[PDB]
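Here the structure is laid out as structure tokens; the discussion comes afterwards.
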2 protein chains.
Amino acid sequence: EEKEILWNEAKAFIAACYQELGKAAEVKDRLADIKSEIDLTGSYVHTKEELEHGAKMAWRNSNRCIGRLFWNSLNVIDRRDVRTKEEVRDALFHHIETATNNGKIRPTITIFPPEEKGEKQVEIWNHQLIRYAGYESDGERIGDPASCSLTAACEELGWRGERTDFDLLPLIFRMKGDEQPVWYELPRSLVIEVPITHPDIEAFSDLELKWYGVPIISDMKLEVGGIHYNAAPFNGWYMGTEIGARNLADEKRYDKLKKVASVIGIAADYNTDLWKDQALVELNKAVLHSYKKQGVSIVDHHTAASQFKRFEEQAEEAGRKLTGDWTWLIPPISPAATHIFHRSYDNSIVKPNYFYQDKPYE
Amino acid sequence: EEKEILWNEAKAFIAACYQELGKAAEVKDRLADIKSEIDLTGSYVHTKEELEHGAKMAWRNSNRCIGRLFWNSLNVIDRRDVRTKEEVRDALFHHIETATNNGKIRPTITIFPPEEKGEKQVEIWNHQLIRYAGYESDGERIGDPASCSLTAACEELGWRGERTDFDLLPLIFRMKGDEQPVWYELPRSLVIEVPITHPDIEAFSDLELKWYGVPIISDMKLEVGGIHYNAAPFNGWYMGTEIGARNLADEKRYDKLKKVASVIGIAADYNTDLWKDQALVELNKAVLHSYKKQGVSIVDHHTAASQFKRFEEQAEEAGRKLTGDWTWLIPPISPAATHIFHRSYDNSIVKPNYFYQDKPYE
Ligand code: HEM
Ligand code: HEM
Ligand SMILES: Cc1cc(N)nc(CCc2cc(C#N)cc(NCCc3ccccn3)c2)c1
Ligand SMILES: Cc1cc(N)nc(CCc2cc(C#N)cc(NCCc3ccccn3)c2)c1
């Protein structure tokens, strides 16, 4: 059965892939080779072209992603050759470096060897390669509450955070055959961080907010043609609302709105004052300004939505069905100011795609 | 078949209704009476208790409604006795008066005779009993673009708007047997309007914005126990975002954000300035302030969401399944600041409920 699942996915993927690549005539022979390879080995190996295009298609099919206009320019790094934890580590360091690109962020994915018989070769524990630790000890909250469980697992492994609000978690991953993951501290020179200041309100720096430049999702599974790349960290640049309206603002995250309201000189007493909404806007203005001032790529949600509209037009002009998850595509601030809010999207799952997988901790 | 549909809906409704009313023992006899009545007449008549509770249940089941905490306090006006257009008119005038209640808005529904054989007794054309006309003539946009088609239909019938941005549409409805609807101008003394001013920014009155006090949806069908009350206008009070983030802000509505941005003294040039978001907040602050200052009921979206949370807790404590349409329950500004955003809702359709029906114009 597992072989038949593999085969059907391969057929569907190869056909679609080669069609887009203009290699339609090569489908027949490639399918035979894959058929034979599955029969003998229980699997098959993607050519570099298939893999690159697979990762790009997967991005293009990510319903929840507003950034998909640029799917075709994804930088795909093929690291299916890694066998050792130092190679994995170095590949992750390299991804961070080349993705960051001195602030001019390059959407990049590094692809590690795929699961074999559902056996992972590399198991990355990080939710993002760059993320802040979180602690909760007797009422005491420090750092990012979303990182609490991973932070606790890291500290089980002999790592110790300094317990600032912005401790960088180490990279943590397990190799096939090892009982325990290994962790490596991130070199600070690799990690770009942006102090959050406001263009007009000087007191805003009193909050001592910052965030990291590059969101690098490292815990999803890339599936291409029935091959499961469980370890395939990818990054884009941030849309400002992800930082200003969620990471810094959410009550279950950094929860900064009351402090924001205080530094911008408004009372945080009455719902009817819309102080949260007002704080959200200034915080979000601060984030965009701060990233721009530092030369770190970021997009505001209006521009992102305009770009997504072009993705929709591009999809239709290419005769491709467009899929989307309205609930994630709308920005968490002023969603009704975007066109996204005023239409519907088919939330069908098309493959290749990125998928959630179970956490190895917790 | 239509009789069997009616019967099944009646069985399900009566059982549920009487259970909630504590009249469980009366279900059997009432069901027999209804059975006989359907057999003889092809229909049945709701008792006042069933009708009142039906309308309340329908509100309680309205997935898209964030205001459902107060479902049980809906004021139900039973006007199934009306036969003439003057009675309909007067019932609509009365609804507006009693709903408005000098600004202390009472959620109210007026229920007119139901469809018979799918034949309407009363067909209301208005989307809301109080709404502004809209005109579009050779590039010239005036009033509410959402009212353009109804406005044009009204002007077919000999009504003429003054072509201000805030012409009140007349009530327009058709009686069974009449080819044409009739229209009646709304008495101005019945319609509360609120000038929009800002608590801190005096220039805001230069926009000369206003809105009406009471949203009275008049074009939906109330269905209770297989009986279709196609004419059953209902109202609540506004949540401020409906006015500030949609009616006044939407590009396809009054489209005031650029003007708002100008009076609040910010440039409307760069997406990264989040001027739309900032304009939205000030506009929404203005709306809440203005309604409060005038003594007209309104709720801000934070308070509304807090109330909805209580509706959810009430539903679970009562053992009732909660249904909701996440896409409508989240407010169009700062949705992620509400709990609604961070959970999911089952969008199943439970009856009794309010339903869309085809417009008689366009
Ligand atoms: C180029 C810059 C990018 C931007 C601005 C962007 C924007 C976003 C945003 C804002 C979300 C979450 C929506 C929300 O918060 O409600 C998202 C989700 C997502 N993006 Fe992108 N994205 C970018 C690049 C990428 C890339 C390069 C990939 C993969 C190759 C990707 C795949 C995804 C996926 C899979 C999700 C959903 C994750 C989940 O379900 O948890 N995006 N994107
Ligand atoms: C008491 C004050 C009320 C408030 C604040 C309120 C709030 C709202 C809001 C904000 C929406 C639209 C959600 C959006 O804009 O995305 C809505 C939709 C709705 N409300 Fe309420 N509501 C109230 C009273 C009522 C009453 C009294 C009824 C009926 C008896 C009702 C039935 C509905 C229905 C049916 C919808 C959906 C309409 C559609 O699908 O087009 N609401 N409510
Ligand atoms: C590559 C990449 C780039 C970028 N700029 N953003 C992302 C988004 C990553 C992401 C991962 C997860 C995860 N896991 C959750 C969210 N957002 C929460 C969205 C949300 C939450 C609730 C309701 C509606 N939307 C976002 C990925
Ligand atoms: C009785 C009542 C009270 C109140 N305060 N609001 C309403 C809402 C009426 C309403 C009727 C229609 C209608 N027809 C559409 C909307 N809102 C548009 C919501 C929306 C649009 C797009 C995406 C998500 N949400 C609202 C009804």
Side-chain angles (χ1 to χ4, degrees), chain B residues 55 75-101 105-115 120-135 142-194 210-222 229-238 247 354 356-362:
Chain B
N75 173 33
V76 177
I77 307 173
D78 176 3
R79 289 323 300 285
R80 293 172 296 165
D81 55 325
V82 308
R83 292 303 180 262
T84 71
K85 41 186 65 79
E86 292 87 12
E87 291 167 338
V88 175
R89 177 193 59 207
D90 290 343
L92 297 170
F93 284 175
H94 180 262
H95 181 133
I96 291 171
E97 180 176 17
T98 187
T100 297
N101 193 32
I105 297 173
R106 285 187 287 244
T108 301
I109 180 169
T110 300
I111 299 185
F112 289 107
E115 302 182 353
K120 312 182 191 292
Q121 306 308 283
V122 180
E123 175 185 82
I124 296 170
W125 288 31
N126 301 82
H127 164 68
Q128 298 185 22
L129 295 188
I130 304 168
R131 201 141 208 236
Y132 296 130
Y135 313 83
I142 302 169
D144 193 340
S147 286
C148 273
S149 56
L150 178 56
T151 302
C154 284
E155 297 203 312
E156 284 312 303
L157 304 160
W159 177 83
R160 174 73 181 192
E162 298 171 48
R163 285 167 166 70
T164 76
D165 279 331
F166 302 108
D167 297 353
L168 291 171
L169 284 169
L171 297 185
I172 160 171
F173 58 90
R174 191 183 57 83
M175 302 301 297
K176 174 185 65 184
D178 289 345
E179 183 160 342
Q180 294 307 330
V182 288
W183 57 268
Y184 304 97
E185 198 63 55
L186 284 171
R188 300 284 302 199
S189 64
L190 250 43
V191 177
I192 284 194
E193 289 181 302
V194 176
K210 60 177 178 173
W211 204 254
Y212 48 86
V214 192
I216 311 182
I217 299 294
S218 54
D219 65 351
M220 293 183 83
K221 167 179 302 184
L222 162 65
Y229 298 98
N230 64 280
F234 56 84
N235 70 280
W237 49 78
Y238 266 118
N247 300 344
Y354 299 100
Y356 288 154
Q357 41 189 347
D358 291 325
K359 286 175 187 295
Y361 56 101
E362 293 177 4

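Below, chains carry the letters A, B, ... as their sequence lines are ordered, and counting in each starts from 1.
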Exercise for review: Decide if the gap between the ring center of B:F166 and the ring center of B:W211 is smaller than 6.0 angstrom.
Suggested key: no
Point to revise | Centroid separation B:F112 to B:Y229 less than 6.0 Å | key: no
Rounded to the nearest 0.5 Å, what's the gap from [atom1] on [X] to [atom2] on [Y]? Could you check?
X      : Y      : atom1 : atom2 : value
B:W125 : B:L150 : CH2   : CG    : 8.5 Å
B:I109 : B:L222 : CD1   : CG    : 5.0 Å
B:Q121 : B:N230 : CD    : CG    : 8.0 Å
B:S218 : B:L92  : OG    : CG    : 8.0 Å
B:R89  : B:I172 : CZ    : CD1   : 15.0 Å
B:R131 : B:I216 : CZ    : CD1   : 12.5 Å

When you measure from the side chain of [X] to the backbone N and O of [Y], does any donor-acceptor pair fall under 3.5 Å?
X      : Y      : value
B:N75  : B:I77  : no
B:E87  : B:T84  : yes
B:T151 : B:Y135 : no
B:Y354 : B:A55  : yes
B:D144 : B:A146 : yes
B:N126 : B:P170 : yes
B:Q180 : B:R174 : no
B:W183 : B:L157 : yes
B:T100 : B:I96  : yes

Review point. Which is it for B:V214 and B:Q128 under the side chain to side chain contact (heavy atoms under 4.5 Å, CB included) test, yes or no, and what are the steps along the way?
Key: CA-CA 9 Å; B:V214 192; B:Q128 298 185 22; over 6 Å; no
With a 4.5 Å heavy-atom cut-off, do [X] and [Y] have their side chains touching?
X      : Y      : result
B:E156 : B:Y361 : no
B:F93  : B:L186 : yes
B:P107 : B:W237 : yes
B:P181 : B:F173 : no

On a heavy-atom basis, which atom in [X] and which in [Y] lie closest, and how many Å separate them?
X      : Y      : value
B:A99  : B:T108 : CA-OG1, 3.9 Å
B:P233 : B:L129 : CB-CD1, 4.1 Å
B:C154 : B:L169 : SG-CD2, 4.3 Å
B:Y132 : B:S147 : O-OG, 2.6 Å

Exercise for review: Give the intermediate values and the outcome of side chain to side chain contact (heavy atoms under 4.5 Å, CB included) for residues B:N235 and B:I217.
Suggested key: CA-CA 6 Å; B:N235 70 280; B:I217 299 294; over 6 Å; no
Practice item. Assign the ring pair B:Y238 / B:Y212 to parallel, tilted or perpendicular, where the plane angle (0 to 90°) is split at 30° and 60°. Key: tilted
Review point. For B:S149 and B:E362, does a side-chain donor sit closer than 3.5 Å to a side-chain acceptor?
Key: yes
Point to revise | Polar side chain donor-acceptor pair, B:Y356 to B:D219, under 3.5 angstrom | key: no
Hey, is [atom1] on [X] packed in by over 12 heavy atoms from elsewhere, all under 6.0 Å?
X      : atom1 : value
B:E185 : CD    : yes
B:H127 : NE2   : yes
B:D358 : CG    : no

Review point. Can you list the steps and then say if B:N101 with B:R106 is a side chain to side chain donor-acceptor pair (under 3.5 Å)?
Key: CA-CA 7 Å; B:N101 193 32; B:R106 285 187 287 244; 3.1 Å; yes
Pair [X] + [Y], salt bridge at N-O below 4.0 Å:
X      : Y      : result
B:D81  : B:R83  : no
B:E115 : B:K176 : no
B:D165 : B:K210 : no
B:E193 : B:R188 : yes

Practice item. Given salt bridge (charged side-chain N to carboxylate O under 4.0 Å, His left out), test B:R163 with B:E155 step by step and report yes or no. Key: CA-CA 12 Å; B:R163 285 167 166 70; B:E155 297 203 312; 2.7 Å; yes
